[PDB]
Amino acid sequence: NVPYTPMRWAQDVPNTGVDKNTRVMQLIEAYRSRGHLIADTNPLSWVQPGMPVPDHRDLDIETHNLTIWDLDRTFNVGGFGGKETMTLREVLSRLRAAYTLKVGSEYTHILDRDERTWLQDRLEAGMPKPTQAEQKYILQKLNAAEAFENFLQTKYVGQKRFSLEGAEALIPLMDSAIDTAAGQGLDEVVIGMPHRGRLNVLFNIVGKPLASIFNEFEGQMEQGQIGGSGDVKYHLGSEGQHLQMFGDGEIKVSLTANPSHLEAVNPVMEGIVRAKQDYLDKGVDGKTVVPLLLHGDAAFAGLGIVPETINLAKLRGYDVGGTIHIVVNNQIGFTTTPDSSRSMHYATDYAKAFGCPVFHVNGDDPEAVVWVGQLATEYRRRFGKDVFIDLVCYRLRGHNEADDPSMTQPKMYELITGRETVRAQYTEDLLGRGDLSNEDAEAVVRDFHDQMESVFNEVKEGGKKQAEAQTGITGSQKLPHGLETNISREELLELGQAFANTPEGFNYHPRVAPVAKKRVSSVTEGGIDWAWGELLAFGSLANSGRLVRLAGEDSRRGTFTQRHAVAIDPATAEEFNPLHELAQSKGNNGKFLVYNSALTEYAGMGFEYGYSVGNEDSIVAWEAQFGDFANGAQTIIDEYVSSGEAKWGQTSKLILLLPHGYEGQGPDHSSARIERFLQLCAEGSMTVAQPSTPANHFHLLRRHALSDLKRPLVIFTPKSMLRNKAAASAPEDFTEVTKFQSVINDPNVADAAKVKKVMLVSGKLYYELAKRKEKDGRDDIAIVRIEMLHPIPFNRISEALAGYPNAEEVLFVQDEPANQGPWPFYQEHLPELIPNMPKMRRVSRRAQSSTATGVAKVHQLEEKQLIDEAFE
Amino acid sequence: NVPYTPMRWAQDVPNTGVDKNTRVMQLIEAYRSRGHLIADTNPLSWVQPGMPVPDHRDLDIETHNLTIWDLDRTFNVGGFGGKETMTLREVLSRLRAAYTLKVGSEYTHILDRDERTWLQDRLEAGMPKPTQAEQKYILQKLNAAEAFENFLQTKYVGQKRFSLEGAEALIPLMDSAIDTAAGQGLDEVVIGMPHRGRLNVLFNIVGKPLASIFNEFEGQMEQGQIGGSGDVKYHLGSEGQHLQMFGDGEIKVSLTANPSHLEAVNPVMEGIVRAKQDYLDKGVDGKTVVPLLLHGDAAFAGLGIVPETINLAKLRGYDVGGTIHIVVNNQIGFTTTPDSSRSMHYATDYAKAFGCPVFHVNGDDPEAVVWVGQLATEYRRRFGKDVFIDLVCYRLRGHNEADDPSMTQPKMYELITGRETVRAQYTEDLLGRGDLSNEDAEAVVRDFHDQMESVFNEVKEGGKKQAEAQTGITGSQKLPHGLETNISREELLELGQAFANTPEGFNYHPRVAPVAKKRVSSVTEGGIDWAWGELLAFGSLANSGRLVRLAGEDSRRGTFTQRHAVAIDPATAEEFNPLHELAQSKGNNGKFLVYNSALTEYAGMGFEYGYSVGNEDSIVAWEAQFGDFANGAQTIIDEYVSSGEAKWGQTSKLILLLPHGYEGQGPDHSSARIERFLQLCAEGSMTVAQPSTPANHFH
Ligand SMILES: CC(=O)SCCNC(=O)CCNC(=O)[C@H](O)C(C)(C)COP(=O)(O)OP(=O)(O)OC[C@H]1O[C@@H](n2cnc3c(N)ncnc32)[C@H](O)[C@@H]1OP(=O)(O)O
Ligand SMILES: CC(=O)SCCNC(=O)CCNC(=O)[C@H](O)C(C)(C)COP(=O)(O)OP(=O)(O)OC[C@H]1O[C@@H](n2cnc3c(N)ncnc32)[C@H](O)[C@@H]1OP(=O)(O)O
Ligand SMILES: Cc1ncc(C[n+]2csc(CCOP(=O)(O)OP(=O)(O)O)c2C)c(N)n1
Ligand SMILES: Cc1ncc(C[n+]2csc(CCOP(=O)(O)OP(=O)(O)O)c2C)c(N)n1
Ligand SMILES: [Mg+2]
Ligand SMILES: [Mg+2]
């Protein structure tokens with residue numbers, strides 16, 4: 001069982017042509033680059049039959065025209081191993097010791113020389129010999145990891161736990177990284193991980209009490225929110241403190257909640273870290289919250305959200321000073337082997353794309369594992385980049401605890417079955433070297449077992465409560481009754497003046513200057529448009545001292561060139577953020593941060609959700625370019641935004657700004673899928689609104705921000721109505737009007753007694769209907785707007801309908817197809833909420849399997865048809 | 001305007017310590033590995049302010065302890081440039097010519113030496129000098145690309161087209177690759193691409209008639225399905241023939257339909273290619289349908305479906321002999337610059353993960369572009385692996401034709417605005433070298449313009465039909481009235497006996513043997529369970545002569561250990577597929593193929609959808625591990641499966657097997673979201689069923 005290729009008999013070669021000194025230094029570069037290909041990183045003597053074996057002839061001396069006869073000859077190695085001259089024998093020994101033992105490194109791909117040299121020096125120096133106390137501490141962690149898994153197997157044989165057996169070295173690895181971070185003087189470590197060994201991590205790393213874990217297996221689950229639905233045991237988060245064993249350092253450890261959907265936590269945990277770092281506010285030299293992200297090998301290679309999130313690592317609005325990635329490479333998925341799982345040689349090969357170091361470490365060598373954890377954490381601190389650890393291990397049992405893996409992988413599990421564990425191996429190693437005594441070895445096992453038995457007994461003696469019906473989370477949070485969202489005239493005037501207070505040598509772009517000038521004058525004269533109404537909300541909130549973050553694709557300028565949150569001087573390319581400067585001058589340390597996201601909805605929205613969780617006091621808005629593309633981030637909407645509170649008691653105030661409107665731009669530039677958002681809405685999960693005026697949008701945003709209702713807000717924003725003069729708001733609507741209006745009654749009714757027909761509408765379609773009403777002089781029609789879709793303001797709608805006693809019929813008018821828009825929601829619910837209301841008649845486009853027509857001229861035809869149908 | 005670093009004044013260094021021969025060969029490896037970092041691949045003199053500039057000191061001779069005084073000294077280069085000895089001056093010249101001109105190569109990361117040597121030899125040999133006929137042909141393609149874009153700008157000023165202006169070299173690149181494939185004797189090229197320059201590709205590459213394109217701008221759209229809703233002009237597919245200009249080769253070219261959702265076509269087009277290759281049935285030496293996949297730089301880096309699909313390249317049930325990837329690197333998204341778009345140095349850096357060559361080529365050097373296209377196609381044929389071309393270009397106008405990019409990128413568009421086009425540059429180059437004459441240059445421009453004017457006039461003289469209401473696709477296809485789906489007793493007994501007809505030295509796993517024994521006896525005694533009922537359906541269909549493909553996570557065994565489509569001998573690890581063997585013995589060339597998918601729903605289901613489109617006669621079933629995870633492939637369900645027929649007239653018979661049932665396994669192992677599937681269902685778009693008996697599922 002020698003891993004290297006034997007020396008080959010050959011005749012000595014003359015030192016002609018390429019010099020042997022050249023050949024030697026080529027050999028050195030070969031090992032530094034490709035030495036990992038033959039490194040002893042695999043605990044099993046296993047090669048996957050269908051996996052292409054890479055060529056590694058570059059590591060043989062024959063390839064470099066060197067022979068056994070050169071071994072004792074001296075060569076100039078140019079400072080290799082801190083020596084100018086060396087024998088080939090010594091060169092080979094040093095190369096093999098550094099690159100072909102338990103740690104396989106990929107770093108030569110790194111372009112920065114200082115980075116490469118830093119890694120090179122440390123890898124070639126080797127792992128320092130640990131102290132006996134350190135060795136004993138590693139054994140304790142290994143023991144705890146294995147004993148915990150074995151205890152659950154004994155007490156709960158027929159319960160799914162996703163054991164860490166075969167990968168117990170993860171616990172000392174994580175502990176090593178966290179301990180190193182504590183010694184660096186950092187503030188917190190945020191962990192995101194999958195199912196694999198989650199309970200083990202919760203107990204041994206985070207420090208969740210053992211009683212809680214045992215209660216979960218018994219059936220008693222800890223409730224997050226009052227009347228919450230809950231979730232399985234291996235989807236929950238926790239918080240704890242980590243104290244340095246051999247130091248005075250202390251660091252906070254947090255584990256984030258995640259769904260069963262693999263790798264969905266990646267963008268969320270990054271956002272949490274960023275929000276935490278921003279709160280600490282230690283500047284560019286800070287970044288004192290460490291993201292520690294765990295992955296499975298199949299998921300890391302398979303799913304695309306992984307590289308998508310890594311892509312955010314160095315972006316201005318997303319940088320967190322690097323993420324430590326640990327891939328638990330157990331060399332299998334559920335049943336799919338790596339041959340059928342990926343096309344890459346290594347699971348961690350995405351690191352090559354991003355120019356980040358990779359450490360492949362053998363999961364049966366705990367000391368090497370601990371060293372790699374320390375080295376990775378030091379690299380992150382020094383260079384502020386992502387680092388990838390490939391923990392090469394195996395999965396002792398099936399995917400779950402009630403599955404037989406021998407049916408499909410008989411040969412692989414012939415090697416796995418019957419092996420001695422890493423704990424056993426390490427104990428034998430320590431005893432062999434005389435670094436540990438026998439009675440100490442038995443003490444470690446006995447002490448920990450007694451701890452678990454005692455705790456188990458206390459849980460058992462407690463009474464087992466029977467199953468009960470779960471109510472719901474409808475009234476778990478309070479509505480802000482009596483809250484006034486208007487600002488003073490002085491505040492409004494000051495917000496307007498922000499766009500006039502340009503820096504000394506700053507000039508607006510000629511096509512932006514009119515927009516800025518209008519904003520300065522609108523706060524007194526009027527004609528405040530949608531974009532200005534939105535910025536007034538965010539500006540006023542930032543003035544009060546809040547951190548307001550707006551992110552999304554093309555958000556700084558706006559997709560429709562409406563926002564201009566940050567203006568750029570054409571000449572100097574100097575940026576100017578008027579509202580941020582105003583906020584900072586008010587002395588409440590308010591901030592208005594606007595970022596252009598990367599081309600991503602999944603990672604984009606996920607990051608903003610995470611931000612809202614990491615800092616509850618921040619106002620975070622994610623803007624889609626079009627609402628149609630939000631379905632790209634369906635996992636985030638389904639698993640986090642909509643159901644986060646009910647499953648985990650995790651609340652968020654995330655705002656989604658989704659452009660919506662049927663204007664004849666095709667099936668993927670028309671609808672934000674209102675019907676899908678309303679289908680997810682239950683037990684008052686989130687607020688869904690489609691405001692018709694800038695002022696109403698202003699009030700909606702402020703109500704959300706100033707309330708204690710910690711639930712998401714989904715706003716369907718307009719496209720063409722951004723520049724519609726009829727929609728503009730007066731200044732009094734921001735200062736005199738105190739509250740958001742969920743229902744706006746018809747402002748053009750001369751006599752309410754004459755009204756025979758009432759039209760319910762939501763969004764831009766009102767203005768078309770209003771225009772037609774004025775043109776035709778229809779005094780018998782009243783057009784009522786519904787600004788808030790969910791929850792349903794049935795009291796306000798009833799009140800509006802009651803104001804027209806002679807109303808015979810009620811029409812629900814929408815631009816969307818019949819099987820889309822708010823109709824399907826309102827058709828089912830509204831009749832129940834208002835029994836006395838007449839039978840609603842739908843007026844809309846026909847039901848379609850698509851969103852909208854591709855033909856623009858058809859759109860005009862259907863629009864005309866739609867309005868004609870409304871007016872008899 | 002000299003691109004290289006000036007030679008530095010320095011004193012001569014003694015040949016002490018590391019030998020200078022060593023240093024020289026280190027320099028050679030430096031250029032082969034990292035020479036691309038300083039290659040003249042960018043048409044613009046532009047560096048993105050927020051983008052981290054990589055260190056490239058390894059390419060300076062000073063770093064290797066060499067000086068100007070070594071330039072004329074001779075060193076042993078060990079067969080570099082087919083010579084044993086060389087001066088440092090000559091070494092530098094050859095390295096710079098091969099690695100720092102218009103083509104930047106990344107290949108040293110490739111682990112296979114034969115692959116690496118093959119690429120090394122061709123890159124260091126250099127681009128062969130093209131003939132005047134070849135040069136003239138490149139100009140014609142450049143002219144067609146630019147003139148087409150300019151014509152649309154003139155005739156339809158206020159209409160969105162997503163022009164290819166600034167990236168016109170894409171057309172000769174694609175033509176080069178397709179021409180090379182025709183010369184290799186291959187059967188078809190399947191293209192998947194985004195919006196950027198789609199109309200240009202449809203006309204100049206696929207060969208869609210120009211009248212059709214002009215009609216679309218007028219408002220007259222070609223209807224796919226009777227009463228279909230349709231889609232915008234730059235989402236449609238087409239088919240055509242490509243004839244070799246300088247050869248007797250001929251190849252079929254197809255462009256697949258796609259939604260506005262970027263990179264969603266990637267898994268679908270791969271499935272189409274695989275289905276086509278399987279139909280041809282030329283074995284492992286075949287793979288004669290080329291996937292040519294185009295990407296934008298922001299989308300290629302940003303979206304995760306991209307690496308997700310590339311991950312399928314070498315899998316048993318998904319291998320198509322390699323995909324040719326072209327990334328149109330115009331160095332911008334909508335408004336987001338690469339600094340705010342990616343963290344990778346290059347957009348094509350995913351290739352490093354998969355161990356595939358990358359060619360960065362300057363989009364203003366047409367001859368280099370054409371060479372790279374040929375080299376990529378040859379590499380695919382030889383090694384059967386993915387190859388990545390980074391076409392470094394720019395975007396002349398805004399994202400669309402009605403957007404001002406100067407508001408947000410003033411400095412970048414100070415360089416872009418006012419440039420001479422690649423066509424203009426190449427024409428001037430050809431005239432300068434005397435490879436082209438003046439009257440020929442004017443002929444190319446005039447002849448093509450006259451072609452477009454004539455066609456435009458014929459479209460204009462035709463009557464413009466008014467807008468009409470679109471009915472629907474409910475009755476566009478007929479229901480099978482009177483169809484009987486029962487099989488004979490003899491057929492049923494034979495299907496049962498398939499599990500008893502084990503190979504000579506084959507034995508079942510002890511926990512599988514009871515299942516096999518029950519299947520043999522159930523066909524007479526009874527008690528046929530769900531899994532057996534399902535296999536009886538697929539088996540009976542394969543017997544008739546159909547290609548039945550079942551794919552999904554853990555599908556061969558089954559998530560719930562129910563299927564056992566392929567049995568494995570514990571001892572020998574020998575596989576046995578009873579139903580496939582039976583089908584092949586019936587003499588109708590039927591097949592029952594069962595595959596374990598990778599960990600992916602998006603790419604997994606997308607590939608099966610593609611398979612159903614590429615071969616209409618095949619029976620394709622995708623199985624989710626649990627129905628709950630199907631929402632991972634929401635783009636495929638929304639944009640392809642549910643609405644494919646109504647938008648493009650593209651039909652599919654894909655079967656989705658989604659495990660469903662409330663049994664107390666938690667919120668992500670209970671529901672397949674039946675309510676969501678029923679909400680998409682309209683105008684009889686798809687069949688949704690929940691059978692209660694195995695027989696009913698069979699029928
Ligand atoms: C996400 C949520 O808002 S949780 C909602 C809790 N309730 C439910 O989900 C079920 C019961 N729902 C209901 O009774 C209605 O849907 C309600 C709550 C909207 C009340 O209906 P109406 O009285 O017609 O609506 P109206 O717009 O007048 O709202 C009444 C008050 O609630 C406030 N309110 C209503 N919805 C919200 C909301 N989403 N966020 C904040 N405040 C809200 C209003 O600001 C108003 O305050 P006020 O008393 O100072 O005037
Ligand atoms: C996706 C589609 O199937 S497109 C369906 C076309 N129609 C529509 O979309 C509009 C709605 N129309 C209806 O619902 C029609 O009345 C029906 C026929 C589909 C409803 O079926 P019913 O008459 O209630 O029941 P039944 O299941 O007996 O259907 C009658 C026949 O249609 C066939 N059929 C019904 N649905 C399907 C289907 N999805 N695929 C194939 N055949 C079908 C049945 O096999 C049966 O054939 P038979 O005449 O040989 O007995
Ligand atoms: C997106 C998604 N697809 C499928 C599943 C089902 N699933 C859960 S764990 C698992 C295996 C993944 O293997 P790997 O990532 O290697 O992790 P391991 O279980 O080996 O630690 C699968 C398919 C899931 N939860 N999420
Ligand atoms: C998934 C998705 N997100 C967002 C969009 C909106 N969008 C359309 S084109 C575009 C820019 C794409 O940039 P790049 O990939 O570089 O292509 P280019 O337009 O520059 O050719 C964006 C974000 C989309 N169509 N699909
Ligand atoms: Mg795994
Ligand atoms: Mg681009």
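When a ligand or atom number is given, it counts from 1 through the structure's own listing order. Below, each value reflects all heavy atoms present in this structure, side chains not excepted, and no hydrogens, waters or symmetry copies. Letters A, B, ... are given to chains in the order of the sequence lines, protein chains preceding strands, and every chain is numbered from 1.
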Point to revise | Nearest-neighbour protein heavy atom for atom 1 (C) of ligand 2, which is reported as residue plus atom name and distance | key: B:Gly684 O, 3.2 Å
**Study point:** Electrostatic pair B:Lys653-B:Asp617, nearest N-O below 4.0 angstrom
**Key:** no
Point to revise | Geometric cation-pi criterion, A:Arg198 with A:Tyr234: 6.0 Å, 45° | key: no
Exercise for review: Check whether any N or O atom of A:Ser685, backbone or side chain, sits under 3.5 Å from an N or O atom of ligand 1, and answer yes or no.
Suggested key: no
Exercise for review: Classify the side-chain pair A:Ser742/A:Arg796 by whether it contains a donor and acceptor separated by less than 3.5 Å.
Suggested key: no
Practice item. Check A:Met788 against ligand 1 and report side chain, backbone, both or neither, counting heavy atoms closer than 4.0 Å. Key: side chain
Review point. Salt-bridged, A:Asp404 to B:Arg557, with N to O below 4.0 Å?
Key: no
Exercise for review: Measure from atom 50 (O) of ligand 2 to the protein's non-hydrogen atoms and state whether any distance is below 4.0 Å.
Suggested key: yes
Review point. Is atom 8 (C) of ligand 1 in close reach of the protein, with a heavy atom under 4.0 Å away?
Key: yes
Practice item. Looking only at protein heavy atoms, identify the closest one to atom 2 (C) of ligand 1 and say how far it is in Å. Key: A:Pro791 CG, 3.5 Å
Point to revise | ligand 1 atoms in contact with A:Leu709 (distance to a heavy atom under 4.0 Å) | key: 2 (C), 3 (O), 40 (N)
**Study point:** Polar contact flag, side-chain donor to acceptor under 3.5 angstrom, A:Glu645-A:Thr651
**Key:** no
Check your understanding: Is any heavy atom of the protein nearer than 4.0 Å to atom 21 (O) of ligand 2?
Key -> no
Exercise for review: State, yes or no, whether a side-chain contact exists between A:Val327 and A:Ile389 at a heavy-atom distance under 4.5 Å.
Suggested key: no
Check your understanding: Do any non-hydrogen protein atoms sit less than 4.0 Å from atom 26 (P) of ligand 2?
Key -> no
Exercise for review: Can you pull out the closest protein heavy atom to atom 38 (C) of ligand 2? Residue, atom name and distance to 0.1 Å, please.
Suggested key: B:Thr687 OG1, 4.1 Å
Review point. Are a donor atom and an acceptor atom from the side chains of A:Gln650 and A:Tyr609 found within less than 3.5 Å of each other?
Key: yes
Check your understanding: Heavy atom under 4.0 Å from ligand 1: found in A:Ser742's side chain, backbone, both, or neither?
Key -> side chain
Practice item. Please state which part of A:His481 comes within less than 4.0 Å of ligand 1, counting heavy atoms only: side chain, backbone, both or neither. Key: both
Review point. Parallel under 30°, tilted from 30 to 60°, perpendicular over 60°: which one fits the rings of A:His325 and A:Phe388?
Key: parallel
Check your understanding: A:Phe740 and A:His697: aromatic ring centres closer than 6.0 Å?
Key -> no
Review point. Any protein heavy atom under 4.0 Å from atom 17 (C) of ligand 2?
Key: no
Point to revise | Protein heavy atom under 4.0 Å of atom 29 (O) of ligand 1 | key: no
**Study point:** atom 33 (C) of ligand 2: nearest protein contact (heavy atom, Å)
**Key:** B:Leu479 CD1, 4.4 Å
Point to revise | Residue A:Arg711 vicinity, atoms of ligand 1 by number, heavy atom under 4.0 Å | key: 4 (S)
Review point. At the Mg ion (ligand 5), what's the angle from A:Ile332 O to A:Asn330 OD1, rounded to 10 degrees?
Key: 90°
Check your understanding: Can you check whether A:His295 reaches A:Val328 side chain to side chain, under 4.5 Å on heavy atoms?
Key -> no
**Study point:** Any N or O of B:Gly482 closer than 3.5 Å to N or O of ligand 2
**Key:** yes
Exercise for review: Answer side chain, backbone, both or neither: which part of A:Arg703 comes under 4.0 Å from ligand 1, heavy atoms only.
Suggested key: side chain
Check your understanding: Parallel, tilted or perpendicular: which fits the ring planes of A:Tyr346 and A:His360, with parallel below 30° and perpendicular above 60°?
Key -> tilted
Review point. How far is atom 12 (N) of ligand 1 from its nearest protein heavy atom, and which residue and atom is that?
Key: A:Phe794 CE2, 4.3 Å
Review point. Could any protein non-hydrogen atom be found less than 4.0 Å from atom 41 (C) of ligand 2?
Key: yes
Review point. With a 4.0 Å heavy-atom cut-off (strictly under), which part of A:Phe740 contacts ligand 1: side chain, backbone, both or neither?
Key: neither
Practice item. Specify side chain, backbone, both or neither for A:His790, according to which of its non-hydrogen atoms lie closer than 4.0 Å to ligand 1. Key: neither
**Study point:** Shortest protein heavy-atom distance from atom 45 (O) of ligand 2, along with the residue and atom involved
**Key:** B:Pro480 O, 4.7 Å
Review point. Between A:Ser340 and B:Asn596, is any side-chain donor less than 3.5 angstrom from a side-chain acceptor?
Key: no
Exercise for review: Give the name of the N/O/S atom in A:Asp297 that lies closest to the Mg ion (ligand 5).
Suggested key: OD1
Point to revise | Neighbour count >12 (heavy atoms, 6.0 Å) for atom NZ, A:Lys411 | key: yes
Review point. How about A:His829 and A:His790: are their ring centres within less than 6.0 Å of each other?
Key: no
Review point. Side chain or backbone of A:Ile792 under 4.0 Å from ligand 1, or both, or neither, by non-hydrogen atoms?
Key: backbone
Point to revise | Protein heavy atom at shortest distance from atom 10 (C) of ligand 2 | key: B:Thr474 CG2, 3.9 Å
Exercise for review: Check whether the side chains of B:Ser229 and A:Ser850 place a donor and an acceptor atom closer than 3.5 Å, and report yes or no.
Suggested key: no
Revision key, fill the gap. Heavy-atom proximity to atom 24 (O) of ligand 1, picking from A:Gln741, A:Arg796, A:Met686, points to A:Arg796
Exercise for review: State, without any angle test, whether A:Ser762 and A:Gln690 hold a side-chain donor-acceptor pair at a distance under 3.5 Å.
Suggested key: yes
Exercise for review: Consider every N or O of A:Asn795 and every N or O of ligand 1, then say whether any pair is closer than 3.5 Å.
Suggested key: yes
Check your understanding: What about A:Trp46 and A:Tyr413, are their ring centers closer than 6.0 Å?
Key -> no
